[PDB]
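Let me begin by presenting the structure, written as structure tokens, before commenting on it.
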Amino acid sequence: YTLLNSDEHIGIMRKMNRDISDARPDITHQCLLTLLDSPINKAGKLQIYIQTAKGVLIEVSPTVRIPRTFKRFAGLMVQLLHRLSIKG
Amino acid sequence: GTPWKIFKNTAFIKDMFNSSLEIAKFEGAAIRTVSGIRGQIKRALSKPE
Amino acid sequence: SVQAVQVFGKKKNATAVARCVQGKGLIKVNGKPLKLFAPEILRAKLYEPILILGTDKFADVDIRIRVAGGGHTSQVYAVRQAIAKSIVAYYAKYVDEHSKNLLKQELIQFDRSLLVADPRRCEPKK
Amino acid sequence: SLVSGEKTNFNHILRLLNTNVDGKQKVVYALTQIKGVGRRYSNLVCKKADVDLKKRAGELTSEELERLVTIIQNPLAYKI
Amino acid sequence: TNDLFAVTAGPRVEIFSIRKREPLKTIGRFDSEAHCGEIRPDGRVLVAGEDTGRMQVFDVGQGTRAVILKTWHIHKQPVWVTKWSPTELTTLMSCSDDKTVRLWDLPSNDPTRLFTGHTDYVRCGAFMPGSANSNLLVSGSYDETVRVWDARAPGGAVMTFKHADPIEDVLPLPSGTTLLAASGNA
Amino acid sequence: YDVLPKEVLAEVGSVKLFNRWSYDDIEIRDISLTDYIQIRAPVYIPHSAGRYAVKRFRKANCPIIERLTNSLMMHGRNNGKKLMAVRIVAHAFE
Amino acid sequence: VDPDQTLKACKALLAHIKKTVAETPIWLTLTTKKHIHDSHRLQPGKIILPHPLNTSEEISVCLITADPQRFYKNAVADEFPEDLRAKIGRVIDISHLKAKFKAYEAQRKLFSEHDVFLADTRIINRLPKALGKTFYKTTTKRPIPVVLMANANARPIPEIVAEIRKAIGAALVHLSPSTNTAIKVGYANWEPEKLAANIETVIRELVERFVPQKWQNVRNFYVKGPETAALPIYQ
Amino acid sequence: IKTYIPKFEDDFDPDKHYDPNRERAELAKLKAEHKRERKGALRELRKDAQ
RNA sequence: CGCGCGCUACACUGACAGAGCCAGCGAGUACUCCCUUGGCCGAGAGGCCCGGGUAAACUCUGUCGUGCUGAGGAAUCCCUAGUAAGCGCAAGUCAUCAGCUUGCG
């Protein structure tokens with residue numbers, strides 16, 4: 001159970017011939033890192049939602065500090081997508 | 001066995017079996033009263049084993 | 001010899017007998033007064049026929065109501081139906097038909113359910 | 001131009017047996033803040049010490065504050 | 001005719017009865033203080049400003065009712081008086097601890113007018129009663145000044161009187177012509 | 001008087017909502033909604049058992065405070081309760 | 001019957017119990033020799049003890065009256081502040097009891113709330129079907145008769161408070177249609193002289209008041225503890 | 001803003017319960033396996049009876 | 001192990017204490033929740049006694065105040081007037097149904 005990225009699933013998506021560039025959670029990770037480190041989040045005037053391609057809409061609290069590394073982020077995102085919540 | 005709760009027709013019968021496994025074996029069996037009333041074992045009861 | 005009129009009132013399962021006689025002006029429900037018997041917000045539903053007709057019509061009568069069944073709302077609607085139909089039937093029998101027709105016209109102009117109980121049958125869209 | 005403000009400093013944090021934080025709430029709602037003390041227990045403590053439920057915490061003198069800290073140590077010495 | 005008068009002492013106000021002279025209700029919603037408990041000329045609504053700067057306006061019935069209508073936390077520094085208008089039912093005034101007196105209306109969440117000009121604590125004020133004096137306000141401060149404002153032009157004071165003492169109390173006379181400023185030993 | 005309290009006997013003159021508030025001088029500001037905001041037939045309390053959901057546009061005849069009450073009883077736990085909604089309307093108007 | 005046998009038996013019984021820490025009731029088991037049939041003899045009574053059964057340090061009485069509950073609540077607010085108002089937490093009429101308290105959880109909460117109960121003699125006929133079986137049949141906490149009997153037909157209020165003072169610590173007497181009963185005389189933390197005094201006056205009042213055809217119908221009174229053996233006092 | 005740490009298991013799977021105390025997790029596992037075996041035994045006995 | 005169908009818990013629609021006030025279906029000499037520590041009378045089998053494990057709702061008046069003390073994603077399905085939804089009370093009818101069923105207000 002791991003997010004579908006271009007790290008290790010490059011062979012699977014290149015074999016099944018469907019848009020190897022689309023399955024990139026790293027864009028979401030680096031952009032969410034940017035927004036959580038930005039001072040408009042630290043001041044408290046930022047509210048952030050994510051929409052995935054499955055129709056999943058995730059509110060991200062401003063009071064969270066995300067894992068900075070993609071492996072822990074992928075495990076956290078899998079647990080979020082399956083348990084519908086992450087408690088502190 | 002002995003009746004435990006008695007409704008109009010369905011009666012709960014207590015001191016006959018020891019477990020729901022034994023009742024599930026003797027499901028549908030021809031049970032009888034001393035008086036002559038016939039009857040049929042219908043279903044095992046959950047809460048008193 | 002005595003002037004006495006007995007009128008029924010009806011809702012879902014709440015029924016009301018109201019006997020109206022010649023009297024000084026009291027209204028009693030189950031032996032307690034009308035300002036006592038209701039929930040505190042539905043007394044304005046009870047006082048509806050008195051305030052429509054004015055108090056001069058109720059100056060001469062004495063109404064005694066018994067209610068049974070229903071809930072609070074159904075019993076309040078049964079009491080107000082018994083009150084309205086009771087004073088209309090007394091004015092039918094013991095004073096003029098012009099006053100009966102005036103009382104009926106005022107009550108029907110306000111709300112027809114003070115006189116005719118409309119039961120809720122089952123007929124949805126067939 | 002001189003009126004006694006001997007009571008006007010009351011909305012400050014008081015210290016007690018275990019909790020170091022006990023501000024002004026009331027007299028019985030301040031007793032709930034101490035751990036192990038209940039909402040039905042706190043009314044029994046106040047009826048013995050002749051303190052009124054109307055007052056707050058911080059409206060008590062240095063004698064009247066400690067009378068609730070002895071009786072919270074031994075609930076058996078005062079009858080229960 | 002009514003049987004209500006309110007006395008505020010410390011962190012609670014206490015609405016007393018006139019006939020029975022007992023504490024009819026004791027309202028202790030306030031966090032820190034309550035500096036004037038003033039009930040409306042209608043007689044159902046009490047306003048009171050605290051030491052934290054908020055003012056709370058709440059309905060009281062004849063009995064034990066304390067239902068909070070509105071709360072304002074705009075002063076952010078204590079409010080010492082808050083008075084109703086004698087003619088209108090929704091207009092009230094506020095003299096706060098900083099420099100300001102200001103007019104509020106009960107439906108709005110904003111002060112309708114702001115009056116500055118005092119240099120110390122302003123702590124006593126009143127409306128001006130009279131048919132001709134519809135919208136004039138007097139307040140005296142601790143800067144030994146009594147100022148009376150027109151509410152039509154929110155610039156400075158219309159008239160100003162400088163005393164020698166920190167001005168403690170102010171009342172206008174019911175003819176609306178003269179005014180008593182209580183400052184120090186005189 | 002037959003049996004009437006003092007507030008009702010005081011406001012015995014006209015039809016007043018909750019025995020305190022009149023319907024006499026009420027002006028609907030928009031021209032388009034004068035047909036559909038029904039203040040013409042006055043009511044005493046919004047609890048009127050009327051069949052205003054039989055057919056189309058029959059809800060254009062029930063009084064607007066009854067509409068406000070029936071829309072106040074709108075979620076999963078306030079569904080059956082109507083005396084709560086008329087009490088909320090009375091407290092809100094006060 | 002001589003009380004020296006009762007004194008030596010109860011001393012031996014306290015030694016048997018011992019050899020907070022005790023907290024067990026001691027009773028004597030009445031036996032009779034003929035069946036009991038009179039439904040007026042089946043009425044619950046009280047026996048006023050010279051050493052009262054209850055400690056009265058923090059125990060709360062509940063008082064069950066019959067006709068206006070507002071009248072009896074105003075009498076409680078009227079009369080006596082020292083002993084009575086600290087104890088009387090509730091005054092419930094039988095109508096309010098049958099109205100509010102029909103649920104198993106509600107009567108369980110009331111039974112857990114109050115410490116000892118008192119009722120009127122026109123109500124304890126009604127009470128085993130008003131109050132639950134978990135209230136009534138199980139344990140000793142079950143209502144004691146207080147005669148509130150002569151707008152309700154009531155005895156005058158100083159005699160009311162005198163009767164409640166007598167009846168807080170009284171010993172409850174149930175009779176049964178069978179021939180065996182038992183009646184509590186005290187606990188095991190008490191002194192055996194006070195115990196023997198209680199047993200003596202209970203024997204006197206039990207026979208010469210309640211058991212009909214009195215000393216003909218009497219059989220053995222065996223003093224017993226909770227789980228121990230019984231010591232004989234023939235009669 | 002006082003930021004907080006998201007609590008999550010690293011190697012996540014829906015197929016496994018997560019519990020710190022092995023005793024409570026093992027007791028719940030034994031209760032679940034006992035319920036499954038009892039239901040299977042009752043189903044086999046009832047079909048043999050029919 | 002999976003799937004749904006019911007049931008329960010998850011706080012402002014709050015908790016505690018009072019006051020007041022409302023139903024309908026339901027009556028086969030018939031109905032009972034266990035099992036036990038002791039003792040009575042029991043040659044013996046038992047019977048006793050004492051311990052241990054006509055509504056809900058609603059209305060009114062007061063006392064305290066958000067405190068692991070958090071109403072369910074993608075989808076998928078159903079529903080148009082005494083319908084959706086809340087609530088209790090009763091019965092247990094030769095099939096089905098007590099882990100619930102069906103009535104009734």
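Residues in the structure tokens are numbered from 1 in each chain, the chains being A, B, ... in the order shown, and ligands are numbered from 1 in the order shown.
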- Query: Would you give me, as a ChimeraX atom specification, the residues in stretch 22-71 of chain D that DSSP reads as helix (DSSP H, G or I)?
  - Reply: /D:41-48,62-70
Just the selected residues (C-alpha atoms), exported as a PDB file, in the first residue's frame, please.
```pdb
ATOM      1  CA  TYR D  41     -18.400  16.699  45.523  1.00  0.00           C
ATOM      2  CA  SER D  42     -17.662  20.432  45.309  1.00  0.00           C
ATOM      3  CA  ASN D  43     -21.016  21.460  46.784  1.00  0.00           C
ATOM      4  CA  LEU D  44     -20.455  19.378  49.933  1.00  0.00           C
ATOM      5  CA  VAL D  45     -17.136  21.125  50.593  1.00  0.00           C
ATOM      6  CA  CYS D  46     -18.690  24.598  50.533  1.00  0.00           C
ATOM      7  CA  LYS D  47     -21.572  23.931  52.947  1.00  0.00           C
ATOM      8  CA  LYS D  48     -19.166  23.048  55.780  1.00  0.00           C
ATOM      9  CA  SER D  62      -6.227  34.658  53.160  1.00  0.00           C
ATOM     10  CA  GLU D  63      -7.944  32.876  56.048  1.00  0.00           C
ATOM     11  CA  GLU D  64     -10.958  31.680  54.030  1.00  0.00           C
ATOM     12  CA  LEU D  65      -8.877  30.287  51.151  1.00  0.00           C
ATOM     13  CA  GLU D  66      -6.862  27.836  53.268  1.00  0.00           C
ATOM     14  CA  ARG D  67      -9.974  26.507  55.044  1.00  0.00           C
ATOM     15  CA  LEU D  68     -10.855  24.716  51.801  1.00  0.00           C
ATOM     16  CA  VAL D  69      -7.319  23.301  51.501  1.00  0.00           C
ATOM     17  CA  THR D  70      -7.348  21.621  54.897  1.00  0.00           C
TER      18      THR D  70
END
```
Using only C-alpha atoms (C1' of nucleotides), which residues sit within 9 Å of stretch 35-49 of chain I once same-chain residues fewer than 5 positions away are excluded, as a PDB file with C-alpha atoms, in the first residue's frame?
```
ATOM      1  CA  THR G  29     -35.796 -15.433  63.353  1.00  0.00           C
ATOM      2  CA  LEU G  30     -39.361 -15.689  64.584  1.00  0.00           C
ATOM      3  CA  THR G  31     -41.106 -18.978  64.089  1.00  0.00           C
ATOM      4  CA  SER G 178     -45.717 -18.611  56.097  1.00  0.00           C
ATOM      5  CA  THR G 179     -44.754 -19.483  59.651  1.00  0.00           C
ATOM      6  CA  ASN G 180     -41.138 -18.288  59.591  1.00  0.00           C
ATOM      7  CA  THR G 181     -40.125 -14.610  59.639  1.00  0.00           C
ATOM      8  CA  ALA G 182     -37.022 -12.676  60.675  1.00  0.00           C
ATOM      9  CA  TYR G 222     -33.396 -18.080  66.969  1.00  0.00           C
ATOM     10  CA  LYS G 224     -28.984 -15.218  63.666  1.00  0.00           C
ATOM     11  CA  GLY G 225     -26.339 -13.346  61.739  1.00  0.00           C
ATOM     12  CA  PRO G 226     -26.026 -12.931  57.959  1.00  0.00           C
ATOM     13  CA  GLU G 227     -24.277 -16.195  57.046  1.00  0.00           C
ATOM     14  CA  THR G 228     -23.718 -17.847  60.436  1.00  0.00           C
ATOM     15  CA  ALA G 229     -25.652 -20.376  62.496  1.00  0.00           C
ATOM     16  CA  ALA G 230     -28.606 -19.608  64.746  1.00  0.00           C
TER      17      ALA G 230
END
```
- Atomic distance atom CA of residue C:101 - atom CA of residue C:54, expressed in Å with one decimal: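 Taking atom CA of residue C:101 and atom CA of residue C:54, their separation equals 15.2 Å.
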Check which residues of chain F sit at most 10 Å from chain I using only C-alpha atoms (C1' of nucleotides), and return one row each with the closest pair of atoms and their distance in Å to one decimal, ordered by chain and rising number, as JSON lines.
```
{"residue": "F:51", "atom": "CA", "partner": "I:81", "partner_atom": "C1'", "distance": 8.3}
{"residue": "F:52", "atom": "CA", "partner": "I:81", "partner_atom": "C1'", "distance": 9.3}
{"residue": "F:53", "atom": "CA", "partner": "I:81", "partner_atom": "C1'", "distance": 6.6}
{"residue": "F:54", "atom": "CA", "partner": "I:81", "partner_atom": "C1'", "distance": 7.0}
{"residue": "F:75", "atom": "CA", "partner": "I:85", "partner_atom": "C1'", "distance": 9.0}
{"residue": "F:76", "atom": "CA", "partner": "I:85", "partner_atom": "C1'", "distance": 6.8}
{"residue": "F:77", "atom": "CA", "partner": "I:13", "partner_atom": "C1'", "distance": 6.7}
{"residue": "F:78", "atom": "CA", "partner": "I:13", "partner_atom": "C1'", "distance": 7.2}
{"residue": "F:79", "atom": "CA", "partner": "I:85", "partner_atom": "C1'", "distance": 5.8}
{"residue": "F:80", "atom": "CA", "partner": "I:86", "partner_atom": "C1'", "distance": 6.0}
{"residue": "F:81", "atom": "CA", "partner": "I:86", "partner_atom": "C1'", "distance": 8.4}
{"residue": "F:83", "atom": "CA", "partner": "I:58", "partner_atom": "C1'", "distance": 8.2}
{"residue": "F:84", "atom": "CA", "partner": "I:58", "partner_atom": "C1'", "distance": 9.3}
```
- Tell me, as a ChimeraX atom specification, which residues lie within 8 Å of residue C:77, counting only C-alpha atoms (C1' of nucleotides); anything in the same chain fewer than 3 positions away does not count. /C:10-11,45-46,73-74,80-81
- Do you know which residues are at most 10 Å from residue A:79 counting only C-alpha atoms (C1' of nucleotides), after dropping those on the same chain fewer than 5 positions away, and could you put them as number ranges by chain? A: 1-2, 73-74, 84-86; H: 7-14
Which residues of chain H come within 6 Å of chain A, and what is each one's closest atom pair and distance in Å (one decimal), counting only C-alpha atoms, sorted by chain and residue number, as CSV?
```
residue,atom,partner,partner_atom,distance
H:1,CA,A:42,CA,5.5
H:3,CA,A:63,CA,4.6
H:4,CA,A:64,CA,5.3
H:5,CA,A:88,CA,5.6
H:6,CA,A:88,CA,4.5
H:7,CA,A:88,CA,5.0
H:10,CA,A:75,CA,5.4
```
- Message: I need the strand (DSSP E) residues of chain E per DSSP on the backbone, written as a ChimeraX atom specification.
- Response: /E:4-9,12-17,23-27,38-39,45-49,55-59,67-72,79-84,91-96,101-105,111-115,122-127,136-141,145-150,159-162,167-172,179-183
